[PDB]
Every structure is written in C-alpha cells, then in structure tokens.
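Residue numbers (PDB author numbering), protein chains in the order written: chain Y, 48 to 139; chain X, 332 to 413; chain 4, 175 to 311; chain 7, 5 to 30, 59 to 156.
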Amino acid sequence: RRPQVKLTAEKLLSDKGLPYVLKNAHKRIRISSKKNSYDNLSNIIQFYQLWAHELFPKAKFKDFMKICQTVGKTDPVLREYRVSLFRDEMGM
Amino acid sequence: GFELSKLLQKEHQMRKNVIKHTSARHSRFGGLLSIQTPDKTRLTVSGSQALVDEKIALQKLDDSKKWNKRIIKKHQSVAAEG
Amino acid sequence: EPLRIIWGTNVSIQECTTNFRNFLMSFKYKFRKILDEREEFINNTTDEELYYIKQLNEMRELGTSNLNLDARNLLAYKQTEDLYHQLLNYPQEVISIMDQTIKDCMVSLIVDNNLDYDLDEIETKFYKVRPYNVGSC
Amino acid sequence: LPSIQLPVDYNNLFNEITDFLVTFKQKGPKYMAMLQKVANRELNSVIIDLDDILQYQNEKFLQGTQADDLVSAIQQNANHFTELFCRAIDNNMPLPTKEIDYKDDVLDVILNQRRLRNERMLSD
DNA sequence: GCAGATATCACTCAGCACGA
DNA sequence: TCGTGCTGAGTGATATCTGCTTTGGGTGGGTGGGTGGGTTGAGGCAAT
C-alpha cells in the first residue's frame, strides 16, 4: 500500500546530507594528540551518528553505513558528485 | 585451581565493567534527559545513567531504534553433503 | 558538542554536577551557622574542617554507600543556592546526578590521595544520597 | 442520524456571551478585571453570576435591542455553555501586566520548543 | 463497538549466472 | 576485466478470528445486578 522510506540519492544530495557534511564537518570534529584515541573515535562517531539520525532516523548507525556503502556502489548520480568534489580539489 | 582463579578474576572485571552501566536506583525511579543537537533540536532519552554520560545517552538512543536491516546467511550442514 | 539538559526545563546537568562537586569538595559547617544567624557560636576546630570529606572518608573506612544530606547546608553555600530549588522541583534527575557525583568524588579522593585502598571495592559499589530537612512538613 | 431543527442558535449565543464579558458593569468592566487578575496568576476561579446575566439582558431589552434569553439557555443545557464561556475567555484574555516568573513553567518550555520545531520544519 | 492473539498474502530485496 | 535481469526468500501489514469474563469474597461495591451465585461449627473471650 505505502512505499518504504529508503536512502535514495535524492535524500543524500538534498541540502541536508552531503552538503551539510561538507559545510560543517572539520569544525565540529577534532582529533587531538593529547586526548586518547578512544575519545577521538567517539567524537567522530558522535558527529556522524548525529548527522545520520538527523538525516535518516530509520536505520541505526551500522545499518546506515552499510546502506551508504550499497548506495554508493549502485547509484550513478552519487558517483557523478563524488567524482566532482575530487575534481574541484584537483582544480584548487 | 589457578585456572579457576584466573577465570573468576576475568569474570569479576567483566562484572565491574557492566556495573558502570547500571543505575543505582530501581527501574521505575524515573528521570528524563533532553539532549539538544547543534541544530536547535532536543531528543528525549530516559534512564538515570544517560544523564551523566553522553556516550551512554547516544548509545541508548541508537538501541531504541526498531528497524533492522536484513542479514541472510545460507549455510549447509555437513550432513547435507555427507 | 551536544548540551545535556533536564527535560521540560533549562538547567544544564553539567552545571549541576560541577556545582555539587565543588560544594562537596569545599564545605565548612561555619557557613551553616552563619546562615542561621548563629555567628557567635562558631568554634575553630569542627567548623574549620571539610565536613563532607570526613563523611566520605568515614564511609570508606566503614565500607558504606550512603551519605545523608541536609538541604539547609546547600542553602548555606554560595554556588548551590539554585541547586536547592532544582532539587525541590526536579528530585529524580538531581538525585541521580548527586549520586553519580558522590561516586566520582570518592573515586577522585582515592586516586589523588595515592592511598593503598583497592579500587575494585569502590568501583562496583552503588552510592546513594538521602537528603532530608528539605523544608516544612 | 436524522436531524431535528431545534430553536437554538449557538453562534448568536456565543456572540452574546462575548459581548457580556466585555460590556457588563455591576471601575472598568467586572469580568475584564476578573480575567486581568487571572492572567497575573492571582485568581484561579472565575464565577459567572447568572444574576449578572439577567441584569445585562434586561438592560439590553430596555434599550430596545432585545436578544436571546441566555439565562434560560444556560440552565436548560449547562454542560455546553462551560465550553462556550471558556472559549470566550480564551479569545478575550488580556496580556499580563505584572511580571510573571516564567522560570519553573514546564508547559512553557515545552510549548516554546514545540513552536520553534514547528516553525523550523514548516519554513524548511 | 472494542482490545488481543493469531495466521494469511503480497511485495520487495540481495544473490546468482550469464552475456556485453 | 565486468553490468544487469531473474529468482527465492522473508517480513509487514492486514484479514479473519475468538473473546468480551471471572470470580468467590467483604480493603472490589450496592447508581452493576440476583436468570452469575454464596445454606458451618468449634473454640476463645468480654460481660457479667
């Protein structure tokens, strides 16, 4: 009767998602030599889990990562953009 | 005896680590936490232990989710192939 | 940096924890006497000593997991005036925070003092606070 | 559910009630002052005197602008006019004049956060 | 008319082999 | 070296279904009602 919510390229490419990550990802995340490795890993996973929950509350963190892997493998439009970001850096 | 003592010492360490996640008060004591994300929105997480440690709060928020992605494991017993 | 906040209010839990830890760390009974207009009754031995530090040390020596608390003592101190109202209005969250802060204070006292006490006994013990004298009956 | 044509109109009665709470004068209007006290958290009970309603009705009729008999309507079916009076008070409620605490108001933080979230969601 | 325990059917997804 | 159409498999939501009492007893009541029923006997203690 109702199509299942699914992590499509459209949601990822929306303002919330990859654009949000590129906007503010280095400022919030911070790996410090003084702090232990566990704390830095916790901080990184803390940022990414919050972003995923804001974007895709449906799936847990590990499931979100696996779905992201599959989508990146499949979707061509996602590949287009992923190549594009790298291309801009080569330009820079 | 020595092996039993070592195993008991390992189990005691595991129990000590587990105790860190349990609340001093009983289950029905109550207490709701409201953790605000940077985009001015707050999510409610219950439990006494979630109030002090943020990692526990995030972990409980993770576990509360119900939907699970598929995992298919097709395995054949040895008796099937003799 | 998500900010922990008690539901339905605007009190930061980290503020509560740090204020309670400071109050426990540095509290002298002379403040209680000053509050009750009993300044002239202040001695120089009992009222010049860290009350709750002795309470926690006695707890450890006797192996107990209970610390009775007086709200009027919270009112006496400077940093914990709002903590009294918070405890009165939101007892569950404040009580849990106080219990965890008491456990943290005991652990820090043992570690910093460089005592020979084994950390296992304190680590696996549940600590609870029992406030009383919280106002009119 | 067959329908009947009862000789009672609720829009007109609600308009009359709204006019009653803003025009009656047993000092400004009595019930306006009573509500003003409530908005300051000084009163938690508003008592509507049907004698006042009768006096207002007779005053209006004397002027020639006869209106519906509100007193008889209230007694014949009272469980419905509680809602009407509450709605009228909510509509005509005045803004507080004395500074309120607003500190330990669970159903003010809840509502503020609910408004912020709704505005952010709708705007996006 | 209403809540709970139970079983039915339909739809969609990850693996597989082949052909490009 | 690899891309995609076909398939079996398994949940999700939804269809029918049974059940909607139940129960002996006064801290479940009598505005829940008798077509839902409840039928002691000895022993201890106050009053006298």
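Yeah, the Cβ is synthetic: ideal placement off N, Cα and C, and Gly gets one too.
- Task: Could you tell me how far apart the beta carbons of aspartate 221 (chain 4) and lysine 202 (chain 4) are, in whole angstroms, since I believe they sit closer than 8 Å?
- Result: Confirmed, Cβ separation roughly 6 Å.
- Quick one: any contact between the segment 210-229 of chain 4 and the segment 125-138 of chain Y, if contact means 3 or more CB pairs under 8 Å? Too few Cβ pairs lie closer than 8 Å, so no.
- Task: Taking C-beta pairs closer than 9 Å, name the residues in chain 7 that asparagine 184 (chain 4) reaches, listed in chain order.
- Result: Per Cβ cutoff of 9 Å: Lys135, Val141.
- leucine 59 (chain Y): buried (16+ other C-beta within 10 angstroms of its C-beta) or exposed? Burial state of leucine 59 (chain Y) is buried, judged by a 10 Å Cβ sphere holding 16 or more other Cβ atoms.
- Between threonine 372 (chain X) and chain 4, is there a C-beta pair that is closer than 8 Å? The C-beta of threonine 372 (chain X) comes no closer than 8 Å to any C-beta of chain 4.
- Query: CB of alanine 99 (chain 7) to nearest heavy atom of the ligand FMN: below 7 Å?
  - Reply: Within the structure as shown, the ligand FMN is missing, as the structure has no ligands at all.
- Where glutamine 367 (chain X) falls: helix, strand or coil (DSSP): Strand at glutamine 367 (chain X).
- Item | Contact set between the segment 336-347 of chain X and chain 4, restricted to residues whose Cβ is under 8 Å from the partner | The segment 336-347 of chain X vs chain 4, Cβ under 8 Å: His343, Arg346, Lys347.
- Quick one: any contact between the segment 268-283 of chain 4 and the segment 183-191 of chain 4, if contact means 3 or more CB pairs under 8 Å? In this structure the segment 268-283 of chain 4 touches the segment 183-191 of chain 4; the number of beta carbon pairs closer than 8 Å is three or more.
- Message: Assuming contact is defined by CB atoms lying nearer than 8 Å, are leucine 364 (chain X) and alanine 388 (chain X) in contact in what I supplied?
- Response: Yes. Within cutoff.
- Beta-carbon of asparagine 240 (chain 4) versus every beta-carbon of chain 7: anything under 8 Å? Contact with chain 7 is absent for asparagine 240 (chain 4), since none of that chain's Cβ atoms lies less than 8 Å from the residue's Cβ.
- With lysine 59 (chain 7) and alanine 65 (chain 7) assumed to form a contact (beta carbons below 8 Å), what rounded beta-carbon distance in angstroms separates them? Between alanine 65 (chain 7) and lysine 59 (chain 7) the Cβ distance is about 7 Å, and since that is below 8 Å, they are a contact.
- Give, in chain order, every residue of the segment 89-112 of chain Y whose Cβ lies closer than 8 Å to some Cβ of chain X. Residues of the segment 89-112 of chain Y that bring their beta carbon within less than 8 Å of a beta carbon in chain X comprise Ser89, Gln93, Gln96, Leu97, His100, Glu101, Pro104, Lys105, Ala106, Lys107, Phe108, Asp110, in sequence order.
- Item | Boundaries (first-last residue) of the alpha helix (DSSP H) holding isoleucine 114 (chain Y) | It spans 108-121 - the alpha helix (DSSP H) in which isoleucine 114 (chain Y) sits, taken as one unbroken run.
- Local Cβ density within 10 Å of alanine 106 (chain Y), reported as buried at 16 or more and exposed below that: Looking at its Cβ environment, which holds 16 or more other Cβ atoms inside 10 Å, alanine 106 (chain Y) is buried.
- Relative to the C-alpha of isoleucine 296 (chain 4), which residue among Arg246 (chain 4), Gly182 (chain 4), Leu230 (chain 4), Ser186 (chain 4) is closest? Minimum Cα distance to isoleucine 296 (chain 4) is reached at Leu230 (chain 4).
- Query: What's the gap between the Cα of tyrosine 95 (chain Y) and the Cα of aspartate 273 (chain 4)?
  - Reply: When rounded, the distance between both Cα atoms is 32 Å.
- Message: At the level of alpha carbons, what is the spacing between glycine 413 (chain X) and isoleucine 402 (chain X)?
- Response: Rounded to whole angstroms, the separation of the alpha carbons of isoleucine 402 (chain X) and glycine 413 (chain X) is 27 Å.
- Take the Cβ of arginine 206 (chain 4) as the centre, count every other Cβ of all protein chains shown within 10 Å, and call the residue buried at 16 or more, exposed below. A residue is called buried once 16 or more other Cβ atoms fall within 10 Å of its Cβ, and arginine 206 (chain 4) is buried on that count.
- Message: Could you tell me the alpha carbon to alpha carbon distance between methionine 199 (chain 4) and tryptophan 398 (chain X), rounded to whole angstroms?
- Response: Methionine 199 (chain 4) and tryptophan 398 (chain X): Cα-Cα distance of roughly 46 Å.
- Message: For a contact defined as C-beta to C-beta under 7 Å, what are the partners of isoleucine 78 (chain Y) on chain X?
- Response: Within 7 Å of the CB of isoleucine 78 (chain Y), no CB atom of chain X is found; the nearest one sits about 17 Å away.
- Query: Excluding sequence positions up to five away, which residues of its chain have a Cβ less than 7 Å from the Cβ of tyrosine 226 (chain 4)?
  - Reply: Around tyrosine 226 (chain 4): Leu198, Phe201.
- Query: With respect to the alpha helix (DSSP H) encompassing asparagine 111 (chain 7), which residues constitute its N-terminal and C-terminal limits?
  - Reply: Element bounds for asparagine 111 (chain 7): n/a, residue is neither H nor E.
- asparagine 19 (chain 7) lies in the alpha helix (DSSP H); which residues open and close that run? That run of the alpha helix (DSSP H) goes 14-27.
- Query: Taking only runs of the beta strand (DSSP E) that begin and end inside the segment 258-303 of chain 4, which ones reach a length of at least 3 residues, in chain order?
  - Reply: Counting whole runs of 3 or more residues, the segment 258-303 of chain 4 contains no beta strand (DSSP E) stretch at all.
- Report the neighbours of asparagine 263 (chain 4) on chain 7: residues whose CB is nearer than 8 Å to its CB, in chain order. At a beta-carbon threshold of 8 Å, the residues of chain 7 lying near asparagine 263 (chain 4) are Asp136, ordered along the chain.
- Could you check what DSSP says for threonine 192 (chain 4) in three-state terms: helix, strand or coil? Note: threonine 192 (chain 4) maps to helix in three-state DSSP.
- Message: List, in chain order, every chain Y residue whose beta-carbon is nearer than 8 Å to that of residue 272 (chain X).
- Response: Residue coverage of chain X in this structure runs from 332 to 413, which leaves residue 272 (chain X) outside it and unanswerable.
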